[PDB]
Amino acid sequence: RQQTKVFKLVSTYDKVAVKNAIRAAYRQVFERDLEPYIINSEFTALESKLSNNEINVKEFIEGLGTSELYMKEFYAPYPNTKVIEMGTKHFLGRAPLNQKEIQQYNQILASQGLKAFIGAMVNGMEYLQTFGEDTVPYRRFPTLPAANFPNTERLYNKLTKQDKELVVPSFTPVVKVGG
Amino acid sequence: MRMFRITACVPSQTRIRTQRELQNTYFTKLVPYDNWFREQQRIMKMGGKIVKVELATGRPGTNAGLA
Amino acid sequence: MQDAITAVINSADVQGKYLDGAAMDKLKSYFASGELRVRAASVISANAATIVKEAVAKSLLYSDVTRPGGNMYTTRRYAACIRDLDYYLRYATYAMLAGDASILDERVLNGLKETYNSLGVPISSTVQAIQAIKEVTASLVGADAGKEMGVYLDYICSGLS
Amino acid sequence: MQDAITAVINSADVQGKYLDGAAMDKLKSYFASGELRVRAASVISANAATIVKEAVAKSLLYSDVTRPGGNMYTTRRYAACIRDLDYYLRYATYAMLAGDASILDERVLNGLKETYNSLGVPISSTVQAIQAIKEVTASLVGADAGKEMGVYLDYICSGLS
Amino acid sequence: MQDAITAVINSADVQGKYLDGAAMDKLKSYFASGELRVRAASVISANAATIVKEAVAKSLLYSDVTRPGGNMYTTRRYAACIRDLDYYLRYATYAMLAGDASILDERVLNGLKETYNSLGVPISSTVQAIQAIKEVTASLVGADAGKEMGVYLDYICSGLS
Amino acid sequence: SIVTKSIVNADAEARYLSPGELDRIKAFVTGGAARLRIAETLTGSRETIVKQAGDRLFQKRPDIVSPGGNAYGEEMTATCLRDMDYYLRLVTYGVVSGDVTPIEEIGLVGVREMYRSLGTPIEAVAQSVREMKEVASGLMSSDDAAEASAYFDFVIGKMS
Amino acid sequence: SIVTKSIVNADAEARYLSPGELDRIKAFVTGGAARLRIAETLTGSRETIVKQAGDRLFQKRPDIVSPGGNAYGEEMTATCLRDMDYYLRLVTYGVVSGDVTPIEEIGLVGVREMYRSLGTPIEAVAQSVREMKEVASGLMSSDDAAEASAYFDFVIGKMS
Amino acid sequence: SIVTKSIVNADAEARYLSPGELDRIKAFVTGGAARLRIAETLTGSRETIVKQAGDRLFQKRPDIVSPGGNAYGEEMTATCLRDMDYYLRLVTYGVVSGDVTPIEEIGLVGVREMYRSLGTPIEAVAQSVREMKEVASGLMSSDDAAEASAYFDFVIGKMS
Amino acid sequence: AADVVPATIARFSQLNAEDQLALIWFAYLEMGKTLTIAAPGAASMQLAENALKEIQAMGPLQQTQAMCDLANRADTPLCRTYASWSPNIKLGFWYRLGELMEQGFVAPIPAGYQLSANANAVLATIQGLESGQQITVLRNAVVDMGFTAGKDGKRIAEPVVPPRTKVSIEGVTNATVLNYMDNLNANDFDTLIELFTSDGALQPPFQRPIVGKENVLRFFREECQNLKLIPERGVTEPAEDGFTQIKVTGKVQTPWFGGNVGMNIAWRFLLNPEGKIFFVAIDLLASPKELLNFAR
Amino acid sequence: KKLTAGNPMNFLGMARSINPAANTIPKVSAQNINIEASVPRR
Amino acid sequence: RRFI
Ligand SMILES: *[C@H](C)[C@H]1/C(=C/c2[nH]c(/C=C3N=C(/C=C4\NC(=O)C(CC)=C4C)C(C)=C\3CCC(=O)O)c(CCC(=O)O)c2C)NC(=O)[C@@H]1C
Ligand SMILES: *[C@H](C)[C@H]1/C(=C/c2[nH]c(/C=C3N=C(/C=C4\NC(=O)C(CC)=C4C)C(C)=C\3CCC(=O)O)c(CCC(=O)O)c2C)NC(=O)[C@@H]1C
Ligand SMILES: *[C@H](C)[C@H]1/C(=C/c2[nH]c(/C=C3N=C(/C=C4\NC(=O)C(CC)=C4C)C(C)=C\3CCC(=O)O)c(CCC(=O)O)c2C)NC(=O)[C@@H]1C
Ligand SMILES: *[C@H](C)[C@H]1/C(=C/c2[nH]c(/C=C3N=C(/C=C4\NC(=O)C(CC)=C4C)C(C)=C\3CCC(=O)O)c(CCC(=O)O)c2C)NC(=O)[C@@H]1C
Ligand SMILES: *[C@H](C)[C@H]1/C(=C/c2[nH]c(/C=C3N=C(/C=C4\NC(=O)C(CC)=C4C)C(C)=C\3CCC(=O)O)c(CCC(=O)O)c2C)NC(=O)[C@@H]1C
Ligand SMILES: *[C@H](C)[C@H]1/C(=C/c2[nH]c(/C=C3N=C(/C=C4\NC(=O)C(CC)=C4C)C(C)=C\3CCC(=O)O)c(CCC(=O)O)c2C)NC(=O)[C@@H]1C
Ligand SMILES: *[C@H](C)[C@H]1/C(=C/c2[nH]c(/C=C3N=C(/C=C4\NC(=O)C(CC)=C4C)C(C)=C\3CCC(=O)O)c(CCC(=O)O)c2C)NC(=O)[C@@H]1C
Ligand SMILES: CC1=C(/C=C/C(C)=C/C=C/C(C)=C/C=C/C=C(C)/C=C/C=C(C)/C=C/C2=C(C)C(=O)CCC2(C)C)C(C)(C)CCC1=O
């Protein structure tokens, strides 16, 4: 929680910093450097826009989530339930909060697909309050609400492709409305 | 796709930040058409002032061929 | 956003003075109108979809706006127009409840005029649709509340020019 | 989350039944207890910081947990421990007002054991602290309200054990 | 972006008309050209790396552009210039396949001239490099297919200039 | 419920319930018997509220009970009155709770999906609830009707 | 069109059209004449197709043109038929372009919202297109019908 | 006030105010008369409230008005009384609006940074507000003082 | 080239204000027999609910004037409110008035009125149309009524006509009751009160007895406006202390306390041995009409 | 089986007692409608 | 449509 770096792109004059922010963005969203699973880079124009200050880090981050590469890595191999928790991990830094959030993103996936889901997370108020427009998302250590810390911990203590299991398949309800 | 180029000045309300913040305070950015309504609402709720909006990409009045 | 109370507070605070008799009167007047505003707000929320349905049928349907070549032609743009009106009515209701148009400046008239001019949305037709919303609401909430809702719907109309 | 009232409603809903006389008796019992719950809640909120301070003093301080190498040692961990005790008291107050513990199962206990066991937080020591909070708040709000708050603080402790 | 086909469809929809005789003649024209477009695209695709390499070699290398004080000097600038040329050829191919230049406006020229002027990217040298891509491409796809490609590479040049 | 609603509002801000919230709760518990009487009234006259309102609906919307209508035939007509019974019962839940969440969580979240899947014209459902609001209102004093109307209007405003 | 769709798919990967994207463009352009024929047969008998389709719809849904129905009354039946001609016109757009994008951009994005506001039962609008597909299928050879039906059915599916 | 808080909460969900929120607003405007009474009391007694509070504070904190103290000398001690008057005026704003928001936005965001820059012992500012609370609570009934206490306490709490 | 629907609408526009208004009323009567039924649920009639309350609250004279204003396009707030409504709402609004006219809540067309020669022919044309064509013509007949600021105007206004016997009772001939019933049906409260003692008391339907001349006087001014009560039969006897106890029954041809135009009523007159009334009881007799029933 | 709440059988008697009247068979004809001239103009 |  302390021994980390937060990539906050405060200027675009330093191209080395811009490139460092970009490569951190790839590592955050895709969980590692892209070279061993791309042929050629499909993000070059996106990097050009960020580097030219035409977009912000938030737009770059969403551009990564709506890319074909992201779809291949973290949508096609897994069911929509697991897509949700990997989504919040990569873009919000945490496991899903509650069943309402799982419901909310399950409807988006069921009706509009992957790009709508990414757009919902990154454009939400929580994202802007936490990471804002200029900061690459990063792992969080939420205290509240209940179970968010241990669920986020289980998500971030696994290596990529470590297993094919759901950390948060759904929150067991305490009171079944209607049952 | 159609895209807006928007300028906005978003102030700080509940904190006195010490890092440099100009980049996230007064900025100009490209927003996909399908995100502008939501994005405009978000900036407005954060107290932001939308100072300029332009249709950077696309044409007004298109019925077919939005990409 | 600021309601009628916070507006009176801000007027005194900018001058660094306590709330004097005139400011207390304004607070009293707002308090006394509270029941009427909450009544009108309850009526609008119950009929909000109906209000927009009938305002559109009265001001936009079966006209050049909705025929091919009109900005409201295509289901895509028709729905986009219906959404805008739906947001106008709800925000005019907030403004009426709060007794102050600041929420309209901040959450309606903040970049909206420039977005409309970029996309070619006709302001004239938008203002007429809003005016039709004002007519439809007055038939539902009465005259005293309908006049108040008209004040804030008019604020939006003139905000768009 | 479910309070005393929605517990009545839910029990009727799952059977698809309107509320009958017996169900209205349960709602009346809770309405009669409303004044006691509200008064206790306001006293606890106005004394929350002091309730925890005294609970910590008599249950945690000057022990292994506060000496170097201890879980409460370091200012961050001490501060986190006070914050956790603030949470338990605040959610017990929610539960006491609601007259229903379901909020504790949902917003407190869900994943709590896993959290503490992974961090090395001493479960017995936190249970002793909450029990100290139960004793302290009882001497503030009285036996009847103290025993009502005791149910929901004891509910948390039984969740952790 | 509208290809040639959608340009006709959109032109009819704004009128609310079915595809009339003239509209089908435009579609026929494009359907007849389609074989030439696809073949030329498949040739450019297989030789895009080569096409850019000779374009630069003939146009920019061993000149003051690549020498110290030139705008291609430094490996970062050289890579950026090469990247831009790769974009210009691939998008010209897109526009050539589609039969319309709208894709160039939406995905190439958006802010390009202002970017180049602010950064001091020499327009005249950039135009020569695109002309060089034109001449090399024409020698690979034949005269006629190189005439279409040249229209879209000329479109990019007009946007910059 | 009013208690749950204020608790979730307070928890969302990580704070104890405010004096304003605690005063609203105190008033609600102290006016409890008056609300339960309204709920008792609705419950006891549920047969006539649904029947009369259902009779009015089909007069107002004869198409729904014509060939090709969603409620055509006695059996489909029965399910429509059942649905009206569902929504009346929910209104009584809202009355005694002083909050709409029991109504929302049981019968308004996803209602558009449910009725579009069934082919039911949802706005006619809004009309059926509207009809129940008049019949119910005419069985009680104006002040009691106003308290129940708020919850009728919430259902109407959501489906419509 | 099929061309724009291919280009968008390729530009999403910052790469040139793959062999398959090129094959289908080549196949589509060679087939341009057959698509233009179907578009012409549909355009020629549009008046016949809609009016025959409308009568079949009414025999399926007599409620919509009876008191209380959305299309009740001469002017409303005429508007309903007007809408059937809209969606026939868009089906010809789909056929020639080889893509359902023109159909979505003009007449299926937000259609559910538009008809909600107007009170039209959208499933009956789906049935109307199901009728036009049947009537149109009889005016063309089986193969001209198989390609035309695909774009009708896309409208049917999107309106459920 | 609770009006803005309700609207802001309603606008986050792009919804109308629910019946419960409207009822809370109605109760708030009814209690407006009592809120105004308290604020008038504090405003009318402001000069005596600050003067006595200052005397009480200085006896408890002679260091601040001693040589080297931030408020040392007539000019500095008068400025310190002015700050106490500022926060009394803010507490009046909180009273009439029924919420601490005007207090937070005018006088508690960044308050530590400002006073630390001026060399003002923040705990002595917190003590002054405690003194004003004591004096003020003696000029009004138990209920009115309890009402006003929340705003006095809020200032103290944010100054710890 | 039939084009019946617009041609029929053209003929309606030519009828004078009176004929247009008379026509739609007689069209209302045919509804369900030769004309189409109404489906008010297909209109957003909540928009017209407030305007329909104002008309109901009007006096009989004002109500008819209100509807004449609609047909004459006079500039009144009701006509302005009317003009802002949608076509379906307008037609549904007129439908409600026709329903109330039959229910007696709103004043009727002049007694024994006859549809004019031209209007009857236009009606018959409508009668021969299909259902869908009928509603379209009906929609357009009323679409233009009320007041619209622009191109509008009618050649001739159609004012309402400017406009009391003794009531017979079977078995009862007491003058005190006779003056009351005639005075009541005449809305002459200034005279009807003089049949009640200064310490008299009245018992309205579904109410407790009200004791007091001024109270009973006020009640008449409030809940008995334009109210017609017909006694048909009764009986008179002395009961106690010389007081005479008459029980005359009948029917009420006007809505009253949830009653209908055809509800039977009863009076129990209790008047002094030497004259005027000390007490009276009025009780609407329940029957398959149970629309006046509350709950608890 | 004994009927339970929510079962529409519980409301069949109410449905039969209401006995709602269906609309008459419509006689509208698509072939006789001039679409262009009949669509409303506002 | 039958539910039986
Ligand atoms: C090469 C023929 C000439 C040249 C090029 C050059 N360009 C830049 C910088 C940028 N070029 C672009 C252009 C695009 N970005 C995109 O995403 C697309 C759309 C697909 C285009 C056309 C942009 C945005 C920039 C700025 C951001 C970036 O670096 O990517 C440079 C670098 C300038 C600098 O110092 O930063 C250069 C060198 N320069 C020449 O001299 C040639 C004539
Ligand atoms: C219908 C035949 C039965 C039924 C269904 C039911 N499901 C849920 C909730 C969820 N269903 C899913 C399912 C999936 N997510 C995926 O990614 C995949 C792969 C395509 C599947 C199948 C999920 C994740 C949820 C939770 C989120 C959500 O509700 O959107 C419910 C709701 C349960 C509740 O109380 O919340 C229901 C009712 N229920 C029956 O009774 C039928 C037999
Ligand atoms: C002080 C001498 C004067 C003064 C200052 C004042 N500034 C603000 C707000 C902002 N100030 C900045 C400036 C910077 N941010 C940076 O990152 C840097 C670059 C290193 C600079 C120079 C910004 C961006 C803001 C807005 C965002 C923020 O505050 O984080 C205010 C508040 C404005 C308001 O109304 O909110 C004030 C008061 N004001 C005076 O009157 C002095 C003369
Ligand atoms: C007929 C099968 C169904 C039906 C139709 C119906 N529609 C309307 C009114 C409108 N329909 C549209 C539709 C479109 N406009 C567009 O631009 C597009 C894409 C090309 C579409 C699909 C519109 C805009 C209207 C509003 C009127 C206007 O033209 O401005 C009506 C009339 C509703 C009313 O009350 O006015 C009807 C009857 N109704 C049915 O019941 C059938 C299932
Ligand atoms: C309807 C009365 C008229 C009309 C509307 C129309 N608007 C758009 C597009 C947009 N409208 C907005 C509006 C807002 N953004 C805000 O933040 C607020 C405050 C709540 C408002 C009202 C925006 C942002 C857009 C663009 C983004 C989006 O639509 O999602 C369109 C679509 C235009 C197009 O080319 O697609 C239309 C049709 N058009 C008319 O003709 C009516 C008079
Ligand atoms: C001395 C300058 C001031 C002072 C000190 C004081 N402290 C306590 C009690 C405790 N102090 C601590 C401190 C720490 N624990 C940590 O982990 C760290 C960092 C390593 C620190 C600094 C703790 C935990 C306690 C609680 C007792 C315990 O150790 O178990 C007291 C006693 C308070 C009481 O009532 O018990 C005192 C007196 N007091 C002053 O007034 C000086 C300004
Ligand atoms: C020698 C160790 C290897 C080698 C070299 C080689 N280089 C070129 C051509 C170019 N090299 C550069 C390099 C730079 N330009 C810059 O601005 C910077 C930063 C200071 C660098 C490093 C450039 C721009 C060129 C282009 C030619 C030109 O300058 O005009 C060649 C020629 C390639 C050709 O075919 O023309 C060669 C041979 N080649 C080897 O095999 C060695 C390993
Ligand atoms: C099916 C369907 C519907 C359609 C519903 C329909 C078809 C509704 C149609 C309802 C109709 C036909 C209403 C006509 C009412 C006429 C009145 C009240 C005239 C009063 C005249 C007076 C007072 C004049 C008196 C006079 C006086 C005073 C004189 O002095 C002398 C002259 C005169 C006698 C004139 C809806 C629209 C609801 C929704 C859609 C839908 O599907």
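Residue numbers start from 1 in every chain, and the chains themselves are labelled A, B, ... in the order their sequence lines are given, proteins ahead of strands. Hydrogens, waters and symmetry mates play no part in the numbers below; they use all other heavy atoms, side chains included. Atoms within a ligand are numbered from 1 in the order they appear, just like the ligands themselves.
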Inset, instruction - Using a 4.0 Å heavy-atom threshold (strictly under), name the region of B:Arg20 that reaches ligand 3: side chain, backbone, both or neither. - result: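 For B:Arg20, the contact with ligand 3 is made by both the backbone and the side chain.
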Using a 4.0 Å heavy-atom threshold (strictly under), name the region of [X] that reaches ligand 8: side chain, backbone, both or neither.
{"X": "I:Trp94", "value": "both"}
{"X": "G:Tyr72", "value": "side chain"}
{"X": "I:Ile135", "value": "side chain"}
{"X": "I:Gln134", "value": "neither"}

With a cut-off of 4.0 Å, which atoms of ligand 8 are near a heavy atom of [X]?
{"X": "I:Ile37", "answer": "1 (C)"}
{"X": "I:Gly98", "answer": "18 (C)"}
{"X": "I:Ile24", "answer": "12 (C), 14 (C), 15 (C), 16 (C)"}
{"X": "I:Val161", "answer": "30 (O)"}
{"X": "I:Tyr113", "answer": "31 (C), 32 (C), 34 (C)"}
{"X": "I:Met101", "answer": "18 (C), 20 (C), 23 (C)"}
{"X": "I:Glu18", "answer": "31 (C), 32 (C), 35 (C)"}
{"X": "I:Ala22", "answer": "35 (C)"}

Show the nearest heavy-atom pair for residues [X] and [Y], with the distance to one decimal.
{"X": "I:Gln63", "Y": "I:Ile55", "answer": "NE2-O, 2.9 Å"}
{"X": "B:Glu21", "Y": "A:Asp134", "answer": "OE1-OD2, 4.4 Å"}
{"X": "I:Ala17", "Y": "I:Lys154", "answer": "CB-NZ, 3.3 Å"}
{"X": "E:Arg67", "Y": "E:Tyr62", "answer": "NH1-O, 3.3 Å"}

Is there a side-chain contact between [X] and [Y] (heavy atoms, below 4.5 Å)?
{"X": "I:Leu97", "Y": "I:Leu52", "answer": "yes"}
{"X": "G:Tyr72", "Y": "I:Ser131", "answer": "yes"}
{"X": "B:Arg17", "Y": "B:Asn24", "answer": "yes"}
{"X": "I:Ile37", "Y": "J:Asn23", "answer": "yes"}
{"X": "B:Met46", "Y": "A:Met125", "answer": "yes"}
{"X": "E:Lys58", "Y": "E:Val136", "answer": "yes"}
{"X": "E:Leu119", "Y": "E:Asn71", "answer": "no"}
{"X": "B:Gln13", "Y": "H:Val109", "answer": "no"}

For [atom], what is the nearest protein heavy atom, given as residue, atom name and distance?
{"atom": "atom 37 (C) of ligand 8", "result": "I:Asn88 O, 3.5 Å"}
{"atom": "atom 33 (C) of ligand 8", "result": "I:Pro110 CD, 4.2 Å"}
{"atom": "atom 40 (C) of ligand 8", "result": "I:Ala42 CB, 3.6 Å"}
{"atom": "atom 39 (C) of ligand 8", "result": "I:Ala39 O, 3.3 Å"}
{"atom": "atom 28 (C) of ligand 8", "result": "I:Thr64 CG2, 3.2 Å"}
{"atom": "atom 9 (C) of ligand 8", "result": "I:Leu91 CD1, 3.4 Å"}
{"atom": "atom 10 (C) of ligand 8", "result": "I:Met31 SD, 3.5 Å"}
{"atom": "atom 24 (C) of ligand 8", "result": "I:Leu21 CD2, 3.3 Å"}

Counting only N and O atoms by type, is there a donor-acceptor contact under 3.5 Å from the side chain of [X] to the main-chain atoms of [Y]?
{"X": "I:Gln134", "Y": "I:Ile126", "answer": "yes"}
{"X": "C:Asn110", "Y": "B:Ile50", "answer": "yes"}
{"X": "E:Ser59", "Y": "E:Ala132", "answer": "no"}
{"X": "C:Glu106", "Y": "B:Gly47", "answer": "no"}

Legend entry - Any N or O of B:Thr25 closer than 3.5 Å to N or O of ligand 3: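 N/O-N/O distance under 3.5 Å: no.
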Legend entry - B:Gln19 N/O to ligand 3 N/O under 3.5 Å: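 For ligand 3, there is no N or O atom that lies under 3.5 Å from one belonging to B:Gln19.
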Legend entry - contact_flag I:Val142 ligand 8 heavy-atom lt 4.0 Å: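 Under 4.0 Å: no for I:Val142.
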Inset, instruction - Answer yes or no for I:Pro159: is there a heavy-atom contact with ligand 8 below 4.0 Å? - result: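 I:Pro159: in contact with ligand 8 (<4.0 Å).
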Legend entry - Per-ligand residue contacts, ligand 7, heavy-atom threshold under 4.0 Å: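 Near ligand 7, by chain and number: E:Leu61, E:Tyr62, E:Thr66, E:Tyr73, E:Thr74, E:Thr75, E:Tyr78.
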Legend entry - Separation between CZ of F:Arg56 and CD of F:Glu134, rounded to the nearest 0.5 Å: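 Rounded to the nearest 0.5 Å, the CZ-CD separation comes out at 6.5 Å.
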Inset, instruction - Look up atom CG in E:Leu60 and atom CD in E:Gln128, then write down how far apart they are to the nearest 0.5 Å. - result: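 Those atoms lie 7.5 Å apart.
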Inset, instruction - State whether the shortest distance between N or O atoms of I:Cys68 and N or O atoms of ligand 8 falls below 3.5 angstrom. - result: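 N/O-N/O distance below 3.5 Å does not exist for this pair.
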Inset, instruction - For H:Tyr115, look at atom OH and say whether over 12 heavy atoms of other residues, nucleotides or ligands are found less than 6.0 Å away. - result: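 Above 12, so yes.
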Inset, instruction - Please check if atom CZ in B:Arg15 has more than 12 non-hydrogen atoms from other residues, nucleotides or ligands closer than 6.0 Å. - result: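 Counting other residues, nucleotides and ligands, CZ of B:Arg15 stays at 12 neighbours or fewer.
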Inset, instruction - List every atom of ligand 3 that sits less than 4.0 Å from any heavy atom of B:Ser12, numbering the atoms from 1 in the order shown and giving each element. - result: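 That gives atoms 28 (C), 30 (O) of ligand 3.
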Legend entry - Per-atom contacts of ligand 3 with B:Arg17, taking only distances under 4.0 Å to non-hydrogen atoms: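 Within the 4.0 Å cut-off of B:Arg17, ligand 3 contributes 27 (C), 28 (C), 30 (O).
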